[PDB]
Each structure stands twice: as C-alpha cells, then as structure tokens.
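As a basis for the values below, the full set of heavy atoms in this structure was taken, side chains included, without hydrogen atoms, waters or symmetry mates. Residue numbering restarts at 1 for every chain, and letters A, B, ... go by the order of the sequence lines.
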Amino acid sequence: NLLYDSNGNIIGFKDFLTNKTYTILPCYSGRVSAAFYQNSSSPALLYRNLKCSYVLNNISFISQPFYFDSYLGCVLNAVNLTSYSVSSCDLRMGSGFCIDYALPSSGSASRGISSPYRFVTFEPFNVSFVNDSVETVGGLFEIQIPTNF
Amino acid sequence: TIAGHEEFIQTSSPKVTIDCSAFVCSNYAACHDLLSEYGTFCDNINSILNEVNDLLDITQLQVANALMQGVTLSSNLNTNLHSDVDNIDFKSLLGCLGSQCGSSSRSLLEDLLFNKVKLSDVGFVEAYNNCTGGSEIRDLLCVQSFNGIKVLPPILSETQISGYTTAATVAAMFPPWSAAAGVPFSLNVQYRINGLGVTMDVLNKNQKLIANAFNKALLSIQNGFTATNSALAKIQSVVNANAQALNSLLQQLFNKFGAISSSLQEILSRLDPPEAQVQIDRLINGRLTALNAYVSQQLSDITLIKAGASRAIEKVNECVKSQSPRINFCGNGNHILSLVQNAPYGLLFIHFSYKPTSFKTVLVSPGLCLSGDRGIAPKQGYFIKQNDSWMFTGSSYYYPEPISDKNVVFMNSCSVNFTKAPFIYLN
Amino acid sequence: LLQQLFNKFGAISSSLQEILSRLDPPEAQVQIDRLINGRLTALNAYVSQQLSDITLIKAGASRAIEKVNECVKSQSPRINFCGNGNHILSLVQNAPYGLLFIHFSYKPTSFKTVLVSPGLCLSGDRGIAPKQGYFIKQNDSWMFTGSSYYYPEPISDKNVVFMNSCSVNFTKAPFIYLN
Amino acid sequence: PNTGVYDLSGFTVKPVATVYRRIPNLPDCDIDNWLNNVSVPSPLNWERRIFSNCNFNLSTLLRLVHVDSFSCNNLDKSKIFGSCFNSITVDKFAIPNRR
Amino acid sequence: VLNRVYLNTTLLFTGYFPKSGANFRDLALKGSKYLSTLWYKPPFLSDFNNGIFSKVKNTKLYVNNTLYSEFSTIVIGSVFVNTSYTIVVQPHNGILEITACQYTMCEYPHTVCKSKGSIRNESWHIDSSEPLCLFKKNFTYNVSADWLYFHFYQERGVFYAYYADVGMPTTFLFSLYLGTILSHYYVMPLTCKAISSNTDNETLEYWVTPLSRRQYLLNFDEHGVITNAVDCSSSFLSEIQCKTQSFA
Ligand SMILES: *[C@@H]1O[C@H](CO)[C@@H](O[C@@H]2O[C@H](CO)[C@@H](O)[C@H](O)[C@H]2NC(C)=O)[C@H](O)[C@H]1NC(C)=O
Ligand SMILES: *[C@@H]1O[C@H](CO)[C@@H](O[C@@H]2O[C@H](CO)[C@@H](O)[C@H](O)[C@H]2NC(C)=O)[C@H](O)[C@H]1NC(C)=O
Ligand SMILES: *[C@@H]1O[C@H](CO)[C@@H](O[C@@H]2O[C@H](CO)[C@@H](O)[C@H](O)[C@H]2NC(C)=O)[C@H](O)[C@H]1NC(C)=O
Ligand SMILES: *[C@@H]1O[C@H](CO)[C@@H](O[C@@H]2O[C@H](CO)[C@@H](O)[C@H](O)[C@H]2NC(C)=O)[C@H](O)[C@H]1NC(C)=O
Ligand SMILES: *[C@@H]1O[C@H](CO)[C@@H](O)[C@H](O)[C@H]1NC(C)=O
Ligand SMILES: *[C@@H]1O[C@H](CO)[C@@H](O)[C@H](O)[C@H]1NC(C)=O
Ligand SMILES: *[C@@H]1O[C@H](CO)[C@@H](O)[C@H](O)[C@H]1NC(C)=O
Ligand SMILES: *[C@@H]1O[C@H](CO)[C@@H](O)[C@H](O)[C@H]1NC(C)=O
Ligand SMILES: *[C@@H]1O[C@H](CO)[C@@H](O)[C@H](O)[C@H]1NC(C)=O
Ligand SMILES: *[C@@H]1O[C@H](CO)[C@@H](O)[C@H](O)[C@H]1NC(C)=O
Ligand SMILES: *[C@@H]1O[C@H](CO)[C@@H](O)[C@H](O)[C@H]1NC(C)=O
Ligand SMILES: *[C@@H]1O[C@H](CO)[C@@H](O)[C@H](O)[C@H]1NC(C)=O
Ligand SMILES: *[C@@H]1O[C@H](CO)[C@@H](O)[C@H](O)[C@H]1NC(C)=O
Ligand SMILES: *[C@@H]1O[C@H](CO)[C@@H](O)[C@H](O)[C@H]1NC(C)=O
Ligand SMILES: *[C@@H]1O[C@H](CO)[C@@H](O)[C@H](O)[C@H]1NC(C)=O
Ligand SMILES: *[C@@H]1O[C@H](CO)[C@@H](O)[C@H](O)[C@H]1NC(C)=O
C-alpha cells in the first residue's frame, strides 16, 4: 500500500477505502532576493524562477501594485525598462540584468505613481566603431590613421 | 600542410548559494529556536560563499575585458554578408553582429559544444523553472533547491560572451585589422610562416593550398566533437564534479549523526520538548560540519580557477590578438596563429600550425670563410653545395637560392671550423 | 573572528567566568567542551581562509615581479603585457601592501581617412612589402607611411621587405625603380 | 543599511487543509479485559498478547484499571493520543514484593 | 519488504539471506519398504541457527491423466517431544498444511505418496487426543509449479515464514510468537511405490542452505520485481559493486 524510494521517504500510496492510487510531491520552498538602494523606504523584490501568477495566488496576498515577469523570475516593486542599457551597475541580478535607482526629482517629478527602481540591461564592454568600408575600394582599403597624438 | 587542434581552458564554474537554516532546520520551529543559540555560524557560511561568487564575477569581467580591449569594427559589418576572406571560410566561427540581425545567437561551433552539455548556465535556469511540479514528476535539482541549495546565474549571460568572441574573431578579418597586426589575414599567415625558415616564393606560389588546408582543418575541428574528444571530456568533468559535490551534500540530510532518526518530522512526532532537544542538537552539529567542509573545498577550488583564467587572458592577449616572439607558448613550435570560441565555463582555443610531410637528406654547412679572411653565417638557414656551387636554403623547406646579404650575417674574421670557400664574391 | 567568543555553541553561556561560578567541575566540563570545540573550529576556518588568500597574494606578487623586470627595468617585445598596446614605458612607486605602476601610452587624438595598399608588385615580377606601415598614393605616386602617424615619405629600402615574387592580389606598379 | 543585494530567509507555502484517513468500524482492542483478567501469571511464565486491527484509547484504559504509575520510554504519553501503530505487544506479569 | 514497493532502483538492504558461494544440500530421502536408522542421524538432522533457505522440487506424479503434486514435509523444533512445540509443514496436493503443536513424534517417521500409495502407512506422530496448538492453518499453492522456495527464520522469540511458488523472490506467509529457541530441523523421507528409475523416472529434491543477517544490494525493476542481487562480502567484484551501488 506504500511506495518508497531508496532514501526512505514515502512517495505514493494506495487508499484502503477506495483503491485509488496517488503520488506525493513536497511543497514549494524558496527565498526572495531584495535589491536595496540606500535611503529608500522599500527594496525591490525578485522571486527567482517563479511566475507572478503563482506568487499572487499561493505565496503572498498583500498589496503589490507593481509586478511583472522576467527571464529571471517575478519582479515586484520595479519598472520593466529592459530596452535601456547601463554600463556600471551595483545591483546586478544575474544573466545580464540590473536594478537601477532614480528618485523623482524636484522639477523632474512625474505625477504618475511609480517605483524608483527600474529593471534594466547590464552591458559593461563595447567596441569602437568606424564609418569605413569592409572591402577593397578599387583595390585599396579605407583606414583611419592618426594625425596628432 | 597546415595542422589544427583545439584546447579548452576553464575560466569559471557554477555559483552555488546555500540557505543555511533551510538546510539545517528546513521548516520546523523547534529546530530554528535551537539554531538561534549557535550564534553567527550560518552568517559566516553565507559570507564565505558570497566572497567566492564575487571573485567569480571579477574574473568573468576580466576575461570579457581582454576580449574587447582595443578592437575597432566597421559599423558596416554584417556577418550575414561578410563571412569569407581570401578563400578561407569563417562562417561557423561567427555568431551575429550587425544592426540588422539582433545579437541573439551563437556560432554553430558554439552550438555543437553547447548542446552536448545539458547543465550549462541556461540549463540551470530552465530546469529550476520546472520545479513547480517537476515537469514529469520530479528532478534532483528541485529537491536540492527545496533544501536550500541553488545555483545562481553568472552576471553576464553566455550570448554576451559569444558576442565578445565574435567581435574578437572578426577583428582579425576585416580592414581595420586590429587583431592581425594591421595587415590582412593571408598576409599575416605568410609572414608568420616565412618567419620559420620558409621562403616567400613557395608561399606566393602555394596560396590556395594554404587556404584549403585551413578550411580542411576547420571542418575536421567541427566534425570532431564525437565521444572521444579530450576537450569535451575536459568540459564534462566540470559539470560532473559540480553534480557530484551537490548530490553528496544533499546525502548528508539522511545521516543520523548518532541520533535516533535522520528526520526531524519523526523526532518531533515521537518525543517531548526536553527530549527532542538532545536529538535535534546532534543533527544540527552534523549538518553544520558538512556545510563547513563544503565551504573550505570551494575556497580552495576558486584559486585553481583563477590561475586558469589568468592563463586564458594571457593567451587571448599574446596568441589571439597578437602573436608573440615567444616560442612554445601557444602550440608547440611551428605555431602560426590562434582563434577563440566560447565554451561552457571557459574558452576554446584553436591553434593552427605548420606541418612538414616529406623529407630530403642534405649535406649542409654552418659557415663559410671567404678570402680576405672574412666569414659569413646563414640567417635562419644553412649553406649547401649544389652543382659545385655554394647556395643557401632555409631550415624548414628545401629550396636553394643565391647567397646574398639578406640571407647572411657578416664577420670581419672567421671561425676555425668554417669551410674555406675562396671562389665566393657572389651576389 | 573575535565575535566567536560570544557564541554559546549550544551551551548555557558563552563566558567561562559565568560557567565556572555556577557549576561543579564534572558538570562544567560538558559546557566547556562545547566552547572549546566551537572555538577550535572557528580557528581552523580562519586558518583555511588565510591559506587560501596567500595563494592569490603569491600569484599577484609574481605578476608584479614580472612587470618590474619587463616593463620598468627593461621593455620586452611582448604586446598587451604591460598596459594596453600603444604602451611606451612604466614607472614604479611604493604603495601600502603593494606597488603602484604608472603606465604611459601613445594616445592618438585626431584621425584621417586614407586609402592604403598592403604590398606592391614591381617589374621583373618582384615584390615589396611595407615595413610596419602602408603604401599610400600621394599626388599619383606611391609613398610609405607608418601606421600610427600620417606622414608620407619616399619608398626606400629601409621601409620595405623584399621578395623575388609577388602575391596575386598585390598592386602592380612598374613605375618604381626609386631609392 | 548599505546598497546591496540581500538574500532573505526561506518561505514555505502554507498548508491549506488536512487530509485525514482512518478505517471505520474496527473492533475494540479490549486491553482492559486482558489486563483485568483473573488469572495472573508469575514473572517466570509472563504472558504476551498482540493487538492489531482495532481501536483503543488510553483514557478508558487508565480509568478502568487502577493505575499506580504509567511511565514511558523513547515515547511521550501525549504522542500516543492520535496515533496509529502496526501492532501493540502487551506483556503482563505480577510483581514480587522484594524485587 | 513488508508493505513497501520499490521502483527501478538499487537498494542496500540488510536481511536474513544466504551466503553467495556456499553450498546447498539435497536432504530428500526416498524408500520403499525398509528404513535405515542412519537416515535419522546428525548428518541429516541439521541445525537451525538463525534460519534456513530451502529450494524444493514439486514432483508431478500422474494417475489417469490427472496431476498429483508431491514433495517431502519438513519438521522444525528443539527436542521433538510433547512438552515442546514443533512446527510441521506438510503438503496435501495443492494444500500446504502448517501446524505448530505439541506433537508426540515417532522415532523413525516418514510420509506416504497418496496418488500411488506405498507399502507402509504414514506415521510421524501418534496422538488421538488432539494436543495443544499455537497455530493451525491451510495455504494454497500452484499445483503446476516446478520449484517452491521457502524462507524460515527466527528473531526475538518470533518465527517467520516466507514462500514463493511463482518466481524466486519470496513473499511473507506467517509469523508466530513462541518465546523459545528452535535448534534443529529435519526433512522426512517420503516412502513411495512408483518414483524410481524403473518407473516413470522421477526424483525427490530438497536443498537447504543456512541463513544469516547480512547486507545485499537488490535491483528492483519497473514493475517492482527483484531481478538481481549481490552479496556485498563474497568477492572483490561484489565489493566494488556495493561501494559503487551499481551492478556494472
Ligand atoms: C479494493 O480491492 C480489494 C481487493 O483486495 C477489494 O476487496 C475485495 O472485495 C470483494 C467484494 O467486496 C470480495 O469479494 C473480495 O474477497 C475482497 N478481497 C479481499 C482480498 O478481501 C475491495 O472491495 C476493493 N474496494 C473497492 C472500494 O473497490
Ligand atoms: C481470562 O483468561 C482466561 C485464560 O487465561 C480465559 O479462559 C478462556 O475462556 C474461554 C471461554 O470464554 C475458553 O474457550 C478458553 O479455552 C479459556 N482459555 C484457557 C486457557 O482456559 C477467560 O475467558 C478470560 N476471562 C474473560 C472474562 O474473558
Ligand atoms: C475509548 O474506549 C472506550 C472503550 O474502552 C470506548 O467506549 C465504548 O464506547 C462505545 C460508544 O462510544 C460503546 O458502545 C461501548 O460500549 C464502550 N465500551 C466500553 C468498554 O465502555 C470509547 O468510545 C472510546 N473513546 C472514544 C472517544 O471513542
Ligand atoms: C486443510 O486441508 C486438508 C485437506 O483438504 C484438510 O485435511 C482433511 O480434513 C478432513 C476433515 O477433518 C479429514 O477428514 C481428512 O482426512 C483430511 N485429509 C487428510 C489428507 O488428512 C485439513 O483439515 C485442512 N485444515 C484445516 C485447519 O482445516
Ligand atoms: C542618505 O544616507 C546617508 C548615509 O551615508 C546619510 O548620511 C544621509 O543623511 C542620507 N540622506 C537622506 C536625505 O536621508
Ligand atoms: C519589458 O519591456 C520590453 C521592451 O519594451 C518588452 O519586450 C518586455 O516584454 C517587457 N516585459 C513585460 C513583462 O512585458
Ligand atoms: C559603449 O559602452 C560604453 C561603456 O562605458 C558606453 O559609455 C558607450 O555609450 C557605449 N556605446 C554606445 C554607442 O552606446
Ligand atoms: C556615416 O555613417 C552614416 C550612417 O551610419 C552615413 O549615413 C554617413 O554617410 C557616414 N558618413 C561618411 C562620411 O561616410
Ligand atoms: C596637434 O595638437 C596640438 C595641440 O592641440 C596643436 O598645437 C598642433 O597644431 C596639432 N598639430 C597638427 C599637425 O594638427
Ligand atoms: C583576392 O582579392 C579578391 C577580391 O579583390 C578575392 O575575391 C580573392 O579571393 C582574393 N584572393 C586571395 C588569394 O586573397
Ligand atoms: C520543462 O518542462 C517543459 C514541459 O513540462 C518541457 O517542455 C521542457 O523541456 C522542460 N525543460 C527542462 C530543462 O526540464
Ligand atoms: C528506470 O530507472 C531509470 C533510472 O535512471 C529511469 O530513468 C527510468 O525512467 C526508469 N524506467 C521506468 C519505466 O520507470
Ligand atoms: C484410474 O482409472 C481406472 C480405469 O478407469 C480405474 O479403475 C481406477 O480406479 C482409476 N484410479 C483412481 C485412483 O480412481
Ligand atoms: C495400515 O493401516 C491399515 C488400517 O489401519 C491396515 O489395514 C494396514 O495393514 C496397515 N499397514 C501396515 C503395514 O500396518
Ligand atoms: C500458476 O497458476 C496459474 C493459474 O493457476 C498458471 O497459469 C501458471 O502457469 C502457474 N505457474 C506455473 C509456473 O505453472
Ligand atoms: C526412464 O529412463 C530410461 C533411460 O535409461 C529410459 O530407457 C526409460 O524408457 C525411461 N522411462 C520413462 C517412463 O520415462
């Protein structure tokens, strides 16, 4: 009537009353990541590898107006701005993503109620670019030579 | 002909993070109350692992800085159009670059390497996404992460590292030539071959054989990751070592350490609070000991990984982006050049080299004493006697040529075991 | 490390003064043993951390000895070892727990667009290659320029390397017999 | 506190309900009828009964026999109350006075 | 194992097992008329220390194209008198009758094949008074089976019995508290008329090996059947197999 594994746990059973067979799985367990910038009233929160549907239905029932889904997991209390790129980051969330902080200023105080945390792209290194060709132009190559130093 | 071989150097490893009180005392409140009177034991373990992961991120940015230092690309560069220079096909080496592709790909050599390795950096993320259900029933990674053991992603994704190596490989091919000494790729090949003792007439007349030997070695590199490649065994040893360490750490939650049971559920359903404490204490001590030993081992392995990363940075600087006058540094002697590709937890270098095939036995002299009691010695070659005339040949290809001042180094005197050759006042 | 003298390690107190003023010698040993084991474990962990940091220190010190020997006291023909490329020289200063290296580098400011050639095919089907620089066409005549400063100048025997053949994509120029 | 990324302590999803299963209409163990049987054995030929597939409680068992002392070992008394076991073996004998 | 199922896995399990590389011993005896007294001697009257494992042949006699199953009965005990309890396992052509009573056992006992009866009468006890019995039960086995397998052991005053008629791994039959220690067993001679080589060429077989508590590595397949086992202390290959918890 009981199904075991080699470590000694019960992983399934068959009911004495109904002759129905079931398996057992454990309940979900995990932690939260908090990206916190100094002199703020709250952190931004990341639920790693979780959907926001699961987060709002099975984890927390408290008030959270801002939430979205990212490749890293569910982000609460931050703004989805991953079209904008940043080269120096002190809240680096993993796999190329950053949390930026920008409080609304005196004159740059947008009246729409948002979060000062943004979820942006981390990209530290770059190439230099030139506006010259990649092939021969009449046999000769186009190149950029210094004239002063 | 031109030979080629590949070599994997390991620059990182999976970043393990550990929830200490979740590992020791998973959900049970009496265990947590007992663990509170051990002081700062769990905070120290967390701090050591965070220091290790900071070191891993520093070395990752150093590798990425070596790949991108001083490279200037044309903004007209579009690798859906530009994948061939001088009859050498670099199509399987480049990912995507250009303002009309969207940098969201690997090269196919990277794809062959990254599909035989299941638990890469993106494999961990997409495996942990399936842990609300197991996606069939169950998985070992979900059991580990419910017991407080997770692998964190690195701070740069692997498509960014692939973009770095793509820009490095394409800086050698195209008219700024920031990685091929400011001269084109075939010209740089001919100069590095000519610097071994091979004359430039042979290399001007055998240009297509050089290109075809390059393409042949590249295609045999690509069709070679098949179950006996040593660099693939090098790559998979990293993943198997990480999996064995984490599974043997998870097996510590089923030792009794001298208690009556290895389960807190069983002790808390059979005993009283003054009697369950003595049994819970032994499980606490054994699990904290196992965590301490794991933390010491990770601390000693990060030093090996940093030594390997510094060697890989030196190879990118002095083998891939330039070519040193050091002999037997990259490759083995008769080394021509190197390329780099992104591998799981490291880099993969391709070394091209000169390879002789057939031979001829020559009688040679190292020096000629001319009349006036002067001397000449050959400049990377030997002196030979052909048809009773003295001639020069390079040391790595048999090709006689007239003795001129570009083959010799003069001396106002001459050595005693030079051969006397008074007939010589030639060109 | 000093904070470990206030952990209890599962005993009744973290002070030996309190334990030795409340208990008998047989009963106090059980409490003292937990403190002794926890403190020795904390010391062993500190020693492991120091053993691991001295390896990174030795690797960095060997890199500093290399840079003193081959960037300050002489200059090696390696590129990208000291500095970044376009590197000129280094000086060294003493810093707390290390050395401070000052690297000087050739930094270009303004640039120019030129059309260059990588090698010429002279009559007799001989070939010349430019020595660290390019062949440019100035006033419809071939000249040499170095790669890191634009300065046209005559094609001579000190700007080239000579070949008795010429490569297939080289530029044909019969009008050169010059010095 | 300083600017940083902080990993906070662990949550578990809280259990909504209880599933509770028992077998209905099982016999009574009648441990009191054998404990209060008339013929009492000596310690030399002590007696054993096995009780399985039944229903018991310790309240009626401890108020139907006249208890001097009820100690337990490797178990706690309050852990018996909602429990199920595979069997219960009950040995009984009379106690000599000096022993 | 008792009410557990294991599925596609290896398991390290300590139990009451035989020793890999030891010997069986065919203790079956057949007679027609005479009974030698050396048939009842300590070569054949063996020891029951922790238990026995035994492999039994089901001899299939035929009368009128109708099957008859037959093998030898076993008796377990300590002194085999009517002041101590003895266990008797006796087959009755598809019915296995197992009794634990205070028997008054005969000095030279035997049984008789019932399909083609023998010269003598079946005589292993004489008791018209129906003695005290701790246990009395009837089990049914597969008549068409070739091999039957039996585990018999003791532990802390309790006697345990496992059996199989389909396949080699056994399943639990019964347990019985005794409070004493059993110390001998004996397989009885089955006296028959037509079993030998001048008749239909049949044979009695009853092979016994001792049992002890030891650790095996077991292999459970997808339906939960034991398919392979290895004794962890029989060779060097088995040590590699148990320390790696692998069969290859
Ligand atoms: C579950 O399966 C068991 C099989 O063991 C069923 O028990 C059988 O019930 C029928 C009719 O009630 C009897 O004829 C059999 O003798 C029983 N078997 C045994 C071994 O006792 C049981 O009825 C099933 N339950 C349900 C709800 O279907
Ligand atoms: C108390 O125990 C004795 C045995 O020690 C019980 O006697 C049994 O009684 C039944 C009839 O009810 C007989 O069939 C048994 O054979 C008796 N056994 C013995 C060994 O004599 C007695 O019944 C018990 N008392 C009660 C109230 O049940
Ligand atoms: C505890 O056990 C006693 C028996 O020792 C149970 O008492 C029986 O209760 C049922 C109905 O509740 C009666 O029909 C029986 O006659 C009772 N027997 C005796 C000997 O008193 C009692 O029910 C049990 N407790 C609970 C909560 O069920
Ligand atoms: C087990 O089955 C056997 C065979 O069916 C039963 O043995 C027979 O029992 C009847 C009734 O007492 C006797 O008349 C026969 O002589 C017995 N046969 C033999 C060959 O001796 C036996 O009674 C059954 N056991 C139980 C406990 O019911
Ligand atoms: C911001 O934090 C700093 C801590 O370095 C503190 O000194 C300062 O007063 C804070 N500013 C405000 C406006 O709270
Ligand atoms: C965040 O913004 C990007 C770009 O605007 C978009 O592609 C992405 O879908 C957004 N995220 C969500 C959850 O909508
Ligand atoms: C390239 O990266 C650097 C990093 O400092 C950044 O400043 C620069 O703006 C980037 N280039 C472009 C075109 O965005
Ligand atoms: C520079 O590039 C832009 C497009 O990026 C192009 O329109 C322009 O003509 C280029 N300038 C020169 C001088 O070639
Ligand atoms: C180079 O720059 C310096 C400083 O700006 C200036 O004085 C000088 O005239 C420049 N030379 C040329 C050739 O442009
Ligand atoms: C020479 O250049 C042409 C383009 O001008 C190219 O098609 C050809 O492949 C080149 N050949 C070699 C050997 O470089
Ligand atoms: C996760 O599960 C989905 C469906 O359940 C499956 O398609 C996908 O391949 C799984 N991925 C991993 C890494 O297990
Ligand atoms: C058999 O066991 C292996 C263990 O690696 C497992 O992968 C496989 O799914 C199992 N087969 C079945 C039918 O359960
Ligand atoms: C077998 O068959 C014969 C002939 O029909 C009959 O005489 C005999 O009694 C049968 N045997 C038994 C045991 O009934
Ligand atoms: C066996 O018993 C029966 C009836 O008691 C009797 O007829 C027969 O002669 C007996 N056989 C022997 C050998 O005593
Ligand atoms: C066991 O019994 C069943 C049905 O009685 C039969 O199909 C099977 O063949 C028997 N086993 C053997 C080994 O004959
Ligand atoms: C028994 O075996 C012998 C082999 O020597 C054979 O000759 C005889 O016919 C067999 N008889 C039967 C009934 O199988």
Inset, instruction - Quick one: closest heavy-atom pair of B:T289 and B:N285, and the distance? - result: OG1-O, 2.9 Å

Inset, instruction - May I ask you to check whether B:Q252 and B:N255 show a side-chain donor-acceptor distance below 3.5 Å? - result: yes

Inset, instruction - Compute both the distance and the angle, then confirm whether D:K92 meets the cation-pi test with D:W46: under 6.0 Å from the six-membered ring centre, within 45 degrees of the axis. - result: no

Legend entry - Toward chain D, the part of B:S269 with a non-hydrogen atom under 4.5 Å: backbone

Legend entry - Structural part of B:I267 lying under 4.5 Å from a heavy atom of chain D: neither

Legend entry - Which atoms of B:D272 approach chain D - backbone, side chain, both or neither, heavy atom under 4.5 Å: both

Inset, instruction - Against chain B, work out which of D:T12, D:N74, D:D7, D:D76 has the most heavy-atom pairs shorter than 4.5 Å and name it. - result: D:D76

Inset, instruction - Start with the C-alpha gap between B:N44 and B:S47, add the side-chain angles, then the distance that decides, and say whether side chain to side chain donor-acceptor pair (under 3.5 Å) holds. - result: CA-CA 5 Å; B:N44 293 338; B:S47 105; 5.2 Å; no

